[PDB]
Amino acid sequence: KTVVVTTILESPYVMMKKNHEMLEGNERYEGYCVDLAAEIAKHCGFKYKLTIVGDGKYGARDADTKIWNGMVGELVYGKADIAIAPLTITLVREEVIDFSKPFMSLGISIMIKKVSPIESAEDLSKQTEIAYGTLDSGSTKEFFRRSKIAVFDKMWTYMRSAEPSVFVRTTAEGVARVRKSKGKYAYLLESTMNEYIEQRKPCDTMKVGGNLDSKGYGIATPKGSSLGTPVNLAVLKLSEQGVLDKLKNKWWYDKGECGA
Amino acid sequence: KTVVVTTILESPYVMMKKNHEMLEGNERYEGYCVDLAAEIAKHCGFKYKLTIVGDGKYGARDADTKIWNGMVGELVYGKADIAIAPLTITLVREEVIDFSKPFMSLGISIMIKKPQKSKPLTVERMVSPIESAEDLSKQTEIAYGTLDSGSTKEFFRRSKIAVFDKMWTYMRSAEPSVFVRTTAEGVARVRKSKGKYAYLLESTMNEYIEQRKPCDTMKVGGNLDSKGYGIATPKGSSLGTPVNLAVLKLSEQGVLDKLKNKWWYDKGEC
Amino acid sequence: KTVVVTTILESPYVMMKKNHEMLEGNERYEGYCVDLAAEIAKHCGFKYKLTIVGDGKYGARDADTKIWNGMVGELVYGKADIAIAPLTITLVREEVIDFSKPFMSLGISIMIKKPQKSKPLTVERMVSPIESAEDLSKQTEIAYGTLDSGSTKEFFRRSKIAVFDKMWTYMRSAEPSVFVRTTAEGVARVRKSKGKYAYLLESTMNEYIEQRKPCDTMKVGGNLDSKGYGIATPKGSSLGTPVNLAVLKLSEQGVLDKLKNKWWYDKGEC
Amino acid sequence: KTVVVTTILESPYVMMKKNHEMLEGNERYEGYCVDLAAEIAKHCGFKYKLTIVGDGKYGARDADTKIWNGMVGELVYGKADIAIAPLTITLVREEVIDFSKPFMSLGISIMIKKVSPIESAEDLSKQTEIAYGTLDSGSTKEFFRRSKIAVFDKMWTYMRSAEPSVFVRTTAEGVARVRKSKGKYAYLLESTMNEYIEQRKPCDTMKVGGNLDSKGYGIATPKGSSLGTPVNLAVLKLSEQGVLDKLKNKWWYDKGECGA
Ligand SMILES: NS(=O)(=O)c1cc2c(cc1Cl)N[C@H]([C@H]1C[C@H]3C=C[C@@H]1C3)NS2(=O)=O
Ligand SMILES: NS(=O)(=O)c1cc2c(cc1Cl)N[C@H]([C@H]1C[C@H]3C=C[C@@H]1C3)NS2(=O)=O
Ligand SMILES: NS(=O)(=O)c1cc2c(cc1Cl)N[C@H]([C@H]1C[C@H]3C=C[C@@H]1C3)NS2(=O)=O
Ligand SMILES: NS(=O)(=O)c1cc2c(cc1Cl)N[C@H]([C@H]1C[C@H]3C=C[C@@H]1C3)NS2(=O)=O
Ligand SMILES: N[C@@H](CCC(=O)O)C(=O)O
Ligand SMILES: N[C@@H](CCC(=O)O)C(=O)O
Ligand SMILES: N[C@@H](CCC(=O)O)C(=O)O
Ligand SMILES: N[C@@H](CCC(=O)O)C(=O)O
């Protein structure tokens, strides 16, 4: 029984190689998540087929319709069996899907155009000269929406009532916007993606300040599935064997086409 | 029914209060773990009684007897209901108990005695003889050890990495023994060995010991791996999911970060 | 019963919102005074309707008619129940209305156009032609004026200090008139007079105007006196003591401090 | 009828006369508050007799007995007709006595021994190596006790549970303690007293940071008295005529027995 593996096109997690037109099956995808899925399948011992989520959404709930979209939606509604992808572990997701142990620590970080005047998030909220937003229907926007801290509350209140739409549909759109804004825009995204972008050409983006919080990516399965314990054990074994460290070093720092 | 919580006597997780010779109950202990347990009880309502393991060990499987000891061992046999303590999530422990999501990140680091400032135009520089684990294993004048019945010892024993295997081979055949009974004993050995002893402990304890007086120890290199601390629940128990969601809520509301900052960096003696 | 609150259109106390054409009710206005009114209504439960005086004056006595005008005047005759606005507590006003305890300190300051950074090694220095009220009165090249029907004009009219008396004598016999009908008009005169006009206004508005773009104005010297802003109330009204208690309570909680920091410092630039 | 005036020996508000052994009446007292009382009597037109409060406390409520001590007690219980003294206007006091308009602005300040490693009160709260307390039965301890701010809550919790007693019976004891502590103790007191102390010899104490909050001194009268409105009008007249500024300049900066 082939296991359906939903995932999203995120770099360096999943990429469509370079000559994908002449390739078929899972051989046309490469990245950290592809390697993670291969190791998970090797440990558990199942045949899998990588599938790309129909909409480029990680997963959230719509305007009071209680419907999950993106990867979480495909998991809940039975459209997929497992999600090896950068899915942040959150409160709202955990109640509906089974998350494994985190395979990568991360956090929310500020990235800007290349002594920065903002540095910390407090100064970023205080100064209204520079605009800042998040990814639409992701996890950072939900973190800001439900945040009770005064600084994050001010951040979310400004971001929601902003003209034009300060949010972006895809993280690539966000990095393009912050590159083209001539330093007038700040992008809020995961620390791992921030470091990957800052370690790539043309190296015009830099990460400033610290991490707003601490989160992690987990392998998600439908609630009440038989694969949750095996994939949890496989993630633990991979972490203890250094496989996750090796994969992150390969896909984040082995190439390093940046000047640092 | 009041459940029993087990914890280890580790700072700044659970430390006896100053006036603890006359106090009774959970008010005797202060630290990160006590008010973490308070927050857990506040989220999901239950009555808890803090307890300390008699052996004072974190937990490991004994060879040729397959008997778990320490916090994990006493949690398996049913004399505890929940382990809110700096217990490291491992593969061996996950097959006998249930671990929640990590509430604090950590890693294996190296602790050494802080060298004196180098004299040479008038700038002072810090020169250290060990800067990573590769050169720590490649030398012989400095002994290094871990904590017995801990996660680090099991990690080094079961590691297939070349440098980690070399360090494990060194500490296995070491005379006198480089293993310590308690973290505080390891720090005492580090401060007493005049700079010839390195301690392989967790990064959180290393940073906490660095921040407090007499601050004669330093952390060299990065972490050897990435791990986490989880709240341990007996396998097949009713306190697993509520505790996991409680940890998730405390992470999302910022309680964990504020607790860490007020228990590690607020009391920055040095 | 819904009581009517009067206020003046003075930044940052009350400013029309950007989308104020379609919005109705108290949501039209934003600023320090609307937040103060909300807090006052939260202290003691009552419904309020924000209003703006038609004449747009703070309040003064007319010549030879002994008739009050402005916010104070319309509060005396009973067309308003409470004045939550930057109304300065004075002796003449206290004899006809009731003032609560000051909710913000202030003083009379001098506003001039900011000069250019002077150069002579390669350091830029700030050189100003006026640095006190004494040298402002002694000099004659730069004209100075105040706000019509304001507290500062009454202070200068009834001042027995030699310097203040000289300045008032200059203002009375001034051609063309140095008095402005609105604070914004005075700042516009300062900006467009290219350094030949000095505005004598309240310290809070002076700092607020200095803190925003294009920030071509500067405050010279210190405050000529010390005063405060109070919430006015008609004599013998039931709203006096509850509002005074509310102001004291908001001072104790530090709500006034955070309102000031949010409406004066956070929104500033340059 | 001679109006009884209660006051406390505080410098430079009320000071004992140099040759007071040979003097009697109100001519044996001098200071800012003595001049204030003289101006109030001149404006209202009443004869007064300055009386020193029995216990050197400004006023507070005791441990669950609802009894006012100090000057507020003398006012409430009919033992005094008016209080021209540095009495801080507070919500708890206003409910039992009638304050006039503030005749002097002030705030909580941090005063230490003369690199300045303390800065604002945030660092003072985050630091456990330096001791700091307040005046007992005053208004600063009440402000710290009822404060709902996290920094001030931490300050109060540390101060109450401190061994030995971090509080001082009189402000002079506090300044002596901070002088003799070799920089290990900090004293929290009113900004006016802090400035007066640092401006007088030996000038070994210096102020750091800004004022914690803003308060003021008002002339207190018994509730439901006929003197409240006349003294309020007199205070307003004195403020308008510059008499209060003149007296502050006379008693704070006119001597200036310091090098600054
Ligand atoms: N260095 S890293 O970001 O690639 C990374 C991060 C993490 C890893 C492993 C790696 Cl390699 N494993 C941990 C897991 C292992 C066991 C202990 C904590 C969880 C359960 N999660 S983690 O702390 O999020
Ligand atoms: N900054 S820290 O080490 O005290 C720390 C570390 C971690 C926190 C929260 C804090 Cl405050 N929460 C995460 C949890 C939240 C969700 C995502 C990963 C786990 C499940 N684990 S963590 O990445 O191990
Ligand atoms: N810092 S400020 O100008 O916003 C400011 C100014 C003042 C505040 C509070 C603040 Cl936050 N409260 C005082 C009041 C409190 C009690 C003592 C004096 C009045 C009654 N008035 S004040 O001295 O005019
Ligand atoms: N410069 S000072 O501290 O001596 C000082 C302080 C103050 C003065 C007068 C002086 Cl001289 N008057 C004001 C009062 C006057 C009118 C306006 C506010 C109150 C009512 N209170 S105050 O703002 O506390
Ligand atoms: N990776 C996040 C979204 C990225 C972001 O919000 O910055 C998720 O799983 O939803
Ligand atoms: N925290 C570790 C013990 C400390 C160590 O091994 O350094 C554990 O849970 O096993
Ligand atoms: N705030 C002053 C008016 C402003 C001014 O006179 O500068 C008043 O209440 O009268
Ligand atoms: N002046 C204050 C007391 C001074 C202090 O506590 O520092 C009062 O009236 O209570």
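Residues numbered from 1 in each chain as written, not as in the entry; some residues may be left out. Chains lettered and ligands numbered in written order. Heavy atoms only, no water. Residues with missing side-chain atoms left out of burial classes, pairs and counts.

Structure determination for the deposited model, as stated in its record, used cryo-EM, and the stated resolution is 3.08 Å.

### Topic: the domain arrangement of chain A
Residue and element names in this part refer to chain A. Entries for chain A in the domain assignment read domain 1 (3-105 + 215-252) and domain 2 (108-211). The distance between the C-alpha centroids of domain 1 and domain 2 comes to 25 Å. Facing 22 residues of domain 1, the contacting portion of domain 2 comprises 17 residues. Interface area, domain 1 with domain 2, both sides summed: about 1,400 Å², of which 51% is carbon and sulfur. Counting across the domain 1 and domain 2 interface gives 1 salt bridge. (Domains from an automatic or database assignment. Contact = heavy atoms within 4.5 Å. Buried area = accessible area lost by both parts, 1.4 Å probe. Salt bridge = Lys/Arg side-chain N within 4 Å of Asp/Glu carboxyl O.)

### Here's the deal with the interface of chain A and chain B
The interface of chain A with chain B comprises 19 residues on the first partner and 20 residues on the second. Across the chain A/chain B interface, buried area totals approximately 1,700 Å², and carbon plus sulfur atoms make up 60% of it. Interface area lost by chain A to chain B is led by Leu91, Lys101 and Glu240 of chain A, which between them contribute 35%. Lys101 of chain A is the salt-bridge partner of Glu94 of chain B, the closest N and O atoms lying 3.1 Å from each other. Across the contact surface, chain A and chain B share 6 residue pairs in polar contact. Of all the secondary structure elements, the ones that give two or more residues to the side of chain A that touches chain B are α3 (91-94) and α9 (228-240) of chain A. A per-element tally of the side of chain A that touches chain B places α9 of chain A first, with 6 residues. Each residue belonging to the side of chain A that touches chain B can be placed in one class, and the counts come to 7 nonpolar, 6 polar and 6 charged. (Polar contact = N/O pair within 3.5 Å; in protein donor to acceptor, adjacent residues only side chain to side chain. Helix = DSSP H or I, 4+ residues; strand = E, 2+ residues; numbered from the N terminus. Nonpolar A, V, L, I, M, F, W, Y, C, P; charged D, E, K, R; others polar.)

### Re the site of ligand 5
Residue and element names in this part refer to chain A. Lining the immediate environment of ligand 5, one finds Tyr58, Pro86, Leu87, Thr88, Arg93, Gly138, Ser139, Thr140, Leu189, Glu190 and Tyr217. Between ligand 5 and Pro86 there is a distance of 3.2 Å, counted from a nitrogen atom to a backbone nitrogen or oxygen. In this structure, an oxygen atom belonging to ligand 5 sits 2.9 Å away from a main-chain N or O atom of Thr88. Contact with the protein chains hides 99% of the accessible area of ligand 5, taken as 300 Å² for the molecule alone. (Near = heavy atom within 4 Å. Areas by Shrake-Rupley, 256 points an atom, 1.4 Å probe, with all protein chains shown as cover.)

### What about the state of the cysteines?
Inspection of every chain in the model, using the stated rule, returns 4 disulfides over all chains. The disulfide partner of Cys203 of chain A is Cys258 of chain A, and the gap between their sulfur atoms is 2.0 Å. With a gap of 55 residues between them, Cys203 of chain A in the loop between α8 (191-198) and β9 (205-211) and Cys258 of chain A in the segment after α10 (243-252) connect regions that are remote in the sequence. Two residues, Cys215 of chain B and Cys270 of chain B, share a disulfide whose sulfurs are 2.0 Å apart. Between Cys215 of chain B and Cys270 of chain B, the S-S dihedral sits near -65°, and the bridge is therefore left-handed. (Disulfide = S-S within 2.5 Å.)

### Points about helix α9 (residues 228-241) of chain D
In this model, α9 of chain D (14 residues) spans 20 Å end to end at C-alpha, consistent with the 20 Å of a helix rising 1.5 Å per residue. Turning to α9 of chain D, its buried residues number three or more, namely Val231, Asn232, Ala234, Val235, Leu236 and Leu238 of chain D. The elements touched by buried residues of α9 of chain D are α3 (91-94) of chain C together with α1 (32-44) and α10 (243-253) of chain D. Of the residues flanking the end of α9 of chain D, it is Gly242 of chain D, one or two places downstream, whose phi is positive at about 80°. (Expected span 1.5 Å × (residues − 1). Buried < 20%, exposed > 50% of the residue type's maximum accessible area, 1.4 Å probe, protein only.)

### So, the sheet that holds strand β12 (residues 197-202) of chain B
Residue and element names in this part refer to chain B. Pairing within the open sheet is mixed, and its 4 strands lie in the order β11-β12-β8-β13. Of all strands in the sheet, those bounded by a partner on one side alone are β11 (143-145) and β13 (217-220). Neighbour-to-neighbour, the strand axes of the sheet open up by a mean angle of 30°, direction not taken into account. Of the strand pairs in this sheet, strand β8 (residues 108-113) and β12 are connected by 4 bridges, and their pairing is antiparallel. Counted as the bridge partner of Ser109 is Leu201 from β12. (Pairing = 2+ DSSP bridges. Axes fitted to C-alpha atoms, helices over the stretch in contact; angles between N-to-C directions.)

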